[PDB]
Amino acid sequence: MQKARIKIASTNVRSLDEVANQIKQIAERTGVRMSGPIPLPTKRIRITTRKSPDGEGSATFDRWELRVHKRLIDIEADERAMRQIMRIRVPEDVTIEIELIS
Amino acid sequence: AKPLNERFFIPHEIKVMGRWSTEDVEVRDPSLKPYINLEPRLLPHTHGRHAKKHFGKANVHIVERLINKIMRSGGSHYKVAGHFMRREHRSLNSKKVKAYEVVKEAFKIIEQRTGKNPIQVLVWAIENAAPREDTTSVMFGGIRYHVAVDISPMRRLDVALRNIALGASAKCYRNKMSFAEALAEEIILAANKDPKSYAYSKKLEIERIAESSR
Amino acid sequence: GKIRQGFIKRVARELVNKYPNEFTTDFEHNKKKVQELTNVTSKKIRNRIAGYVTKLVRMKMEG
Amino acid sequence: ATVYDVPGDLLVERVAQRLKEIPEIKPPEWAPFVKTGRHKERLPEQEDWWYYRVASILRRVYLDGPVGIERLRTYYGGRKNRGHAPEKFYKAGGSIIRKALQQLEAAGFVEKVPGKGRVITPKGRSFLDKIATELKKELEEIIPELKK
Amino acid sequence: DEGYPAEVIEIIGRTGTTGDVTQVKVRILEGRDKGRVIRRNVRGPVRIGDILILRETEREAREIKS
Amino acid sequence: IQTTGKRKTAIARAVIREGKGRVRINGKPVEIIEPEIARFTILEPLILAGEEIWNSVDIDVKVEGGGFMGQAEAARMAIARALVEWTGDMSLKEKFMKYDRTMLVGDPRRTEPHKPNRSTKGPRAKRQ
Amino acid sequence: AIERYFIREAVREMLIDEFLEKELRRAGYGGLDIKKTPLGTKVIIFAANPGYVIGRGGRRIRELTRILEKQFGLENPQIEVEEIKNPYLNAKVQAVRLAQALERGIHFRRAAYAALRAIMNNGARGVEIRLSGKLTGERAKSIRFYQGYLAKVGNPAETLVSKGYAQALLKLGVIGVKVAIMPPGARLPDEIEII
Amino acid sequence: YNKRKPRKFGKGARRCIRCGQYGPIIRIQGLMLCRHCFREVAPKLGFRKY
RNA sequence: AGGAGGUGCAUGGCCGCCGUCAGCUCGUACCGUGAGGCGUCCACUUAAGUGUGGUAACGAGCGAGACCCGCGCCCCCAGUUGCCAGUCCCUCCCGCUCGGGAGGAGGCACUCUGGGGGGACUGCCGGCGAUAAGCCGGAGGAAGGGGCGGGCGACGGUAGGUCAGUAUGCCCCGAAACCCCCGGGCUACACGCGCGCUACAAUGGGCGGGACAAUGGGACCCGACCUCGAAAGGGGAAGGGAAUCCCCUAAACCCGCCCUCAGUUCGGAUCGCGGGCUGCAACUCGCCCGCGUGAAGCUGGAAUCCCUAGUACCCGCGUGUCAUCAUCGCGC
């Protein structure tokens with residue numbers, strides 16, 4: 001038994017759900033078992049900074065957030081199934097990284 | 001740990017703290033009957049939403065309230081006779097386990113030294129240390145005058161209990177004599193209407209002045 | 001305070017006038033009817049509309 | 001029975017006094033003049049302080065399994081007074097616990113699993129659970145509820 | 001301690017300068033004026049039917065002038 | 001039978017089955033917990049319940065997160081629900097809710113986020 | 001580090017944006033997009049008119065095609081330039097256009113009102129133009145001309161509105177211009193439609 | 001002799017790309033930009049307000 | 001060219017407070033010759049110019065609100081986060097043989113994880129309110145009456161400040177007010193005031209024991225593990241470009257012993273030595289390891305700042321620029 005682990009990461013949630021949905025359709029169309037997409041913990045990058053450019057005024061601070069969501073999909077070996085993933089249109093924001101595990 | 005386990009198991013038949021089941025206690029003052037909570041509960045702590053309730057303070061057990069206003073007893077605008085009563089060495093605030101232990105010890109002291117229900121001794125002290133008149137500066141056209149005013153039972157409870165707590169702090173603060181000993185001594189003095197206690201003394205002071213503001 | 005917002009007061013009266021019979025005192029029935037008869041995406045304001053149209057339906061049969 | 005059924009303090013005391021017998025455990029020459037950690041500000045009051053550490057360390061191996069120098073430093077660390085600055089938490093010493101672990105290893109109660117730390121041997125487990133059964137029985141006829 | 005408890009019935013309204021004094025009507029439950037209804041003030045929170053302790057029954061508060 | 005319990009940040013998972021009566025927190029006897037206040041907090045549900053329930057069921061609860069007191073309260077909630085589901089009689093529920101509310105409602109309160117202008121000392125704290 | 005990678009890519013992006021803003025200001029440079037592929041990096045530049053971007057025989061964009069590979073280090077930059085579907089719906093492009101008009105000695109009132117009308121009949125739901133600085137003398141003034149529905153708070157303000165800030169240079173100094181444009185396709189949360 | 005000396009540490013080793021300010025240059029995963037610059041570009045980097 | 005040279009009544013942009021206060025207005029109609037007024041007024045009600053009910057006005061727009069983030073319960077989907085959830089099997093430690101504990105296989109319960117849906121709506125009842133709007137109490141219920149912590153702060157004003165972060169008018173310098181480099185200064189101290197850290201011991205200190213966190217960060221980086229040195233530190237090193245390797249210990253807590261209240265078995269400022277880390281170098285100008293020494297202060301007047309529900313108060317932790325300068329800031 002051999003498996004492929006795919007991690008799909010995006011800031012946009014809807015792009016990620018569309019990519020996952022088309023991967024699911026591909027995996028069920030090729031009839032190869034797929035582990036359901038496990039949504040791994042989303043990374044919240046936080047940066048705070050003082051609003052005022054100079055040093056004047058009340059101590060005012062602004063919070064800036066980046067929520068980036070990533071998901072894990074594991075599939076069983078099938079060269080036909082792996083041929084169709086490189087043709088998947090991937091949006092500019094979604095990054096897909098694929099590794100092969102025994 | 002043997003006293004610890006035996007005190008764990010003794011209140012298995014529903015007893016406040018470890019001992020001193022509350023059935024035998026009697027409230028003499030009619031004012032505080034519907035406010036002093038005498039429900040039998042093992043541990044005097046509920047972490048309840050009583051502050052957000054207007055009348056949720058009546059539900060809190062008098063011993064839980066006791067620990068509550070014990071933990072807050074440190075530091076104030078009260079420079080009573082020019083003293084700053086702060087707890088600098090492991091203050092009572094937020095360490096409700098240490099306060100829990102100290103009330104346990106003072107209750108044991110009361111039991112031994114008085115040979116009767118410490119809860120009932122506290123009940124008598126609360127009755128005896130609640131003032132019955134305060135003063136308010138009411139004005140008509142910017143001519144203020146001090147007028148005697150009747151105190152609610154709940155405010156009487158609050159002020160008296162704060163007064164005994166502050167008496168305990170005044171006794172223990174800056175002395176070899178421990179906090180548990182101070183609290184036991186203050187509560188026994190207040191139980192028998194002893195003027196030596198801060199609680200009964202300041203009850204008398206609150207009654208007075210308002211005495212002359214008629 | 002709990003003053004109901006004016007725009008819901010407007011749309012509630014309008015939906016009252018155009019289907020006087022499609023809304024009854026049952027709260028949940030009215031909630032679904034306003035769910036499907038409008039394009040509201042915020043479920044909360046849908047519940048507000050439902051809560052108010054309940055009161056209007058109640059107002060009806062006494063006068 | 002197991003260590004889980006008794007207080008840790010009493011079990012540490014019992015293991016310390018019992019390991020006082022074994023010639024393996026012996027304080028080094030620099031020990032009495034060196035406190036337990038950097039964060040500590042006064043020397044240990046008593047002279048059995050070495051044995052207790054072993055009675056602690058072995059007990060930790062009964063629970064945390066493979067444990068090396070650094071994690072035992074992490075557990076033992078405590079709060080220190082820095083002067084006018086706020087008190088801050090620091091770690092304990094390392095050579096002391098390293099020598100204690102070496103003495104236990106030469107005693108055969110603990111072995112080394114490289115890359116993970118040091119684990120407890122079967123003999124150490126048997127000794128510890130015999131101690132635990134004895135102490136549990138003691139607090140049983142003291143406190144009958146422990147027969148449950 | 002010559003005190004006299006009395007039972008609250010009706011709350012006239014917040015009184016005093018800061019409203020922290022509350023004006024209520026109380027019925028004397030024991031004493032030389034048993035059953036008599038007096039307008040009396042209350043510092044600290046009060047409700048209907050509280051037992052308030054009096055030092056002097058004769059003292060009274062002026063009607064709240066709006 | 002399976003049960004869970006939420007409180008502050010200490011979350012408890014409890015499993016109750018038939019047994020002699022042993023009740024264990026993290027596989028440790030409930031009588032030998034070093035803080036005593038936590039002991040009463042964990043103990044509250046089965047005192048008023050009764051001794052037959054105590055000696056008729058084995059309960060294992062594991063609590064992770066928060067403080068030791070929070071762990072005690074979460075274990076209290078877990079064991080309360082455990083007896084609730086194991087007995088499934090109305091009277092125990094009625095007396096559960098009469099003695100207090102928390103063990104059938106939980107304490108959903110948390111710590112509010114800290115806000116600037118001396119955030120360190122608390123959310124609602126500020127300078128002089 | 002996936003973080004360090006995404007922030008690096010988007011930093012490359014906004015730096016390219018600013019570089020083209022200071023390069024393509026005369027071109028009415030309105031928008032940018034970037035696609036990576038093994039062949040190279042495709043840049044998609046929406047301008048008020050690509051005619052100026054293309055330059056003379058492509059001598060302009062080719063320079064840019066060099067630049068996007070040297071200072072920013074993009075392997076194989078492929079430039080594609082396009083037209084904005086309605087520049088009157090881009091508050092940034094309209095702001096740049098009005099700033100250029102002001103710089104030409106055109107009266108601030110007449111230019112601003114004509115621009116407002118021109119954006120309006122193009123179908124924009126709501127238009128606001130604020131002009132600040134030395135507008136009629138040494139002492140600076142701020143004057144705002146509004147028209148239509150312009151919700152100025154909430155998430156929709158940060159989402160559906162098009163915003164444009166410009167600085168116009170003149171002998172007296174610098175004039176700041178802000179422009180807010182509501183596209184017509186958006187709808188309000190409190191607007192409830194009925195069937 | 002006009003070249004500035006190399007510095008791998010300290011404030012002088014660091015300079016904002018945009019305005020060149022030697023001072024506040026936040027480095028959460030390597031932004032390399034002045035703090036005041038950050039305000040007018042954070043949405044362009046995708047940062048939102050919540 | 002450049003200016004860190006000035007010019008914030010030369011400006012743009014930006015921040016502050018008035019003030020998330022309730023306000024600002026427009027289209028047309030009406031009154032007044034006009035200045036201008038109405039809408040935006042009055043009784044009630046709202047946190048609001050939010051509405052109710054009457055009004056020479058009716059509508060509209062900006063504002064609050066709706067809007068958006070997250071907590072509060074459940075469900076689904078997803079399970080390599082986590083567990084003798086039920087568990088034949090294997091390995092191990094005891095034991096009263098009663099039993100207790102741990103891991104490999106296996107299971108996915110449940111926490112967690114992250115996408116959607118429901119659920120809380122004055123949803124119902126009583127009282128109030130003119131039967132209106134709306135208010136209070138109650139019931140049910142994880143949470144009902146802006147549920148809760150937040151973001152979105154207006155027309156205008158203050159020539160507030162900021163051209164010394166940016167663009168930037170005017171003027172000034174053009175081998176200086178330009179460029180580079182060494183050292184000092186940015187720490188200079190009999191002094192007034194603001195804000196913070198330590199302390200004024202027994203409530204407590206020393207010895208040992210136990211159960212307890214998220215915030216985020218980790219490649220010239222995070223670093224288990226092994227070895228030397230008491231320690232700072234020296235040498236090797238697994239795993240890791242992040243639910244997976246480290247920061248990770250929890251603190252407060254109580255438990256068994258020692259001490260028995262005083263400027264001290266508190267307090268360490270402060271003075272010298274030996275060693276150690278970053279940096280080219282740290283006396284000016286860092287901290288740490290050990291020793292000796294280790295001050296006042298014993299609760300502090302006049303005057304005066306803030307807080308209301310997990311909130312004060314107390315405890316402890318990651319992180320900001322970053323070797324250190326923070327006894328600071330944010331966040332946990």
* Structure fact -> Among strands (runs of 3 or more DSSP E) entirely inside the range G:83-195, those with 1 or more residues being touching a residue at least 60 places away in the same chain (Cβ under 8 Å) and farther than 30 Å from H:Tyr50 by Cβ are G:162-170, G:173-182
* Taking the stated definitions as given, is B:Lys57 away from chain F (no Cβ under 13 Å), under 17 Å from the mean Cα position of the chain (by Cα) and loosely packed, with under 15 Cβ neighbours inside 10 Å? -> no
* Return the only residue of A:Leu66, A:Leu72 being touching a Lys or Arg at 6+ places or on another chain (Cβ under 9 Å), in a strand (DSSP E or B) and farther than 30 Å from H:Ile25 by Cβ. => A:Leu72
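For residues that are charged (D, E, K, R) and more than 7 Å from RNA strand I (Cβ to nearest atom), tally how many sit in the range F:1-19.
Step one: list which residues in the range F:1-19 are charged (D, E, K, R), which gives F:6-8, F:13, F:17-18.
Among the residues that remain, those that are also more than 7 Å from RNA strand I (Cβ to nearest atom) are: F:7, F:18.
Residues flagged as charged (D, E, K, R) and more than 7 Å from RNA strand I (Cβ to nearest atom) within the range F:1-19 amount to 2.
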* Structure fact -> The lone condition C:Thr54 fails out of (1) of a type in the set (S, T, N, Q); (2) more than 8 Å from RNA strand I (Cβ to nearest atom); (3) more than 20 Å from G:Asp190 (Cβ to Cβ); (4) surrounded by 13 or more Cβ atoms within 10 Å (Cβ to Cβ) is (2)
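Residue-wise test of (1) more than 17 Å from the chain's Cα centre (by Cα); (2) aliphatic (A, V, I, L, M); (3) within 15 Å of RNA strand I (Cβ to nearest atom).
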{"position": "B:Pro30", "(1), (2), (3)": "yes, no, no"}
{"position": "B:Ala51", "(1), (2), (3)": "yes, yes, yes"}
{"position": "B:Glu64", "(1), (2), (3)": "no, no, yes"}
{"position": "B:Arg72", "(1), (2), (3)": "no, no, yes"}
* Hey, among the residues in the range G:160-169 that are more than 8 Å from RNA strand I (Cβ to nearest atom) and not hydrophobic (A, V, I, L, M, F, W, C), which one's nearest to the other protein chains (Cβ to nearest Cβ)? -> G:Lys163
* Asked: Across the range B:75-107, what is the number of residues that are buried (at least 17 other Cβ atoms within 10 Å of the Cβ), more than 13 Å from every other protein chain (Cβ to nearest Cβ) and either more than 8 Å from RNA strand I (Cβ to nearest atom) or of a type in the set (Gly, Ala, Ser) (or both)?
  -> 2
* Of the residues that sit in the range A:53-76 and are surrounded by 15 or more Cβ atoms within 10 Å (Cβ to Cβ) and more than 19 Å from the chain's Cα centre (by Cα), which one is nearest to RNA strand I (Cβ to nearest atom)? -> A:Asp62
* Asked: With F:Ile53, F:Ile42, F:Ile47 as the choices, which residue is free of Cβ contacts under 8 Å to residues at least 40 places away in the same chain, within 12 Å of another protein chain (Cβ to nearest Cβ) and either surrounded by fewer than 19 Cβ atoms within 10 Å (Cβ to Cβ) or assigned to a strand (DSSP E or B) (or both)?
  -> F:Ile47
* Could you list, in sequence order, all residues of the range E:39-60 that are in a loop (DSSP other than H, G, I, E, B), facing chain B (nearest Cβ under 8 Å) and buried (at least 16 other Cβ atoms within 10 Å of the Cβ)? => E:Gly44, E:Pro45, E:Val46, E:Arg47, E:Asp50, E:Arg55, E:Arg59
* To do: Return the total of residues in the range D:5-24 being within 8 Å of RNA strand I (Cβ to nearest atom) and either more than 14 Å from chain F (Cβ to nearest Cβ) or free of Cβ contacts under 8 Å to residues at least 24 places away in the same chain (or both).
  => 4
* Filter the range H:26-42 down to residues that are near RNA strand I (Cβ under 6 Å from one of its atoms) and in contact with a helix residue (DSSP H, G or I) (Cβ under 9 Å, 6 or more places away or on another chain), then give me how many there are. => 3
* Residue identified as within 6 Å of RNA strand I (Cβ to nearest atom) and either away from chain B (no Cβ under 14 Å) or over 15 Å from B:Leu43 (Cβ atoms) (or both) among F:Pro29, F:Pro35, F:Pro123 -> F:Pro123
* Residue list for the range G:170-187, filter: within 6 Å of RNA strand I (Cβ to nearest atom) and surrounded by fewer than 15 Cβ atoms within 10 Å (Cβ to Cβ) -> G:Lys171, G:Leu172, G:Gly173, G:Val174
* **Residues of the range A:21-51 that turn out to be near RNA strand I (Cβ under 9 Å from one of its atoms) and among the hydrophobic types (A, V, I, L, M, F, W, C), as a count** => 5
* Among G:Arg60, G:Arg25, which is the only one that is more than 14 Å from every other protein chain (Cβ to nearest Cβ), outside any strand (DSSP E or B), within 11 Å of the chain's Cα centre (by Cα) and charged (D, E, K, R)? -> G:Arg25
* To do: Taking H:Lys11 as meeting all but one of (1) without any contact (Cβ under 8 Å) to a residue 12 or more places away in the chain; (2) of a type outside the set (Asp, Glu); (3) within 8 Å of RNA strand I (Cβ to nearest atom), write down the number of the exception.
  => (1)
* For the range D:55-95, what are the residues that are assigned to a helix (DSSP H, G or I), near RNA strand I (Cβ under 6 Å from one of its atoms) and of a type in the set (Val, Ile, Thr)? -> D:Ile69, D:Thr74
* Asked: Checking B:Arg132 against (1) part of a loop (DSSP other than H, G, I, E, B); (2) out of contact with any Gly (no Cβ under 8 Å at 6 or more places or on another chain); (3) touching a residue at least 40 places away in the same chain (Cβ under 8 Å), which test does it fail?
  -> (2)
* Would you say D:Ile120 is in contact with a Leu (Cβ under 8 Å, 6 or more places away or on another chain) and buried (at least 18 other Cβ atoms within 10 Å of the Cβ)? -> yes
* **Subset of the range B:168-187 [surrounded by 24 or more Cβ atoms within 10 Å (Cβ to Cβ) and either among the hydrophobic types (A, V, I, L, M, F, W, C) or more than 13 Å from RNA strand I (Cβ to nearest atom) (or both)]** => B:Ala168, B:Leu183, B:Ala184, B:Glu186, B:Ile187
* Asked: Looking at the range B:8-42, which of the residues that are free of Cβ contacts under 8 Å to residues at least 12 places away in the same chain and within 9 Å of chain F (Cβ to nearest Cβ) is nearest to B:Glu127 (Cα to Cα)?
  -> B:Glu13
* Would you mind telling me which numbered condition in (1) more than 16 Å from RNA strand I (Cβ to nearest atom); (2) under 16 Å from E:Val21 (Cα atoms) B:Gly141 fails? => (2)
* Structure fact -> Of the residues in the range E:27-42, those that are farther than 12 Å from E:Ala61 by Cα and in contact (Cβ under 8 Å) with a residue 24 or more places away in the chain number 7
* Does H:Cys37 satisfy being within 8 Å of the chain's Cα centre (by Cα) and either surrounded by fewer than 17 Cβ atoms within 10 Å (Cβ to Cβ) or more than 9 Å from chain A (Cβ to nearest Cβ) (or both)? -> no
* Does at least one position in the range D:123-135 carry a residue that is within 14 Å of chain B (Cβ to nearest Cβ) and under 30 Å from F:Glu51 (Cβ atoms)? -> yes
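All of the numbers you see were taken from the coordinates with simple rules; none came from a lab. Please note: Cβ atoms are built from the backbone with ideal geometry, for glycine as well, and neighbour counts cover all protein chains shown.
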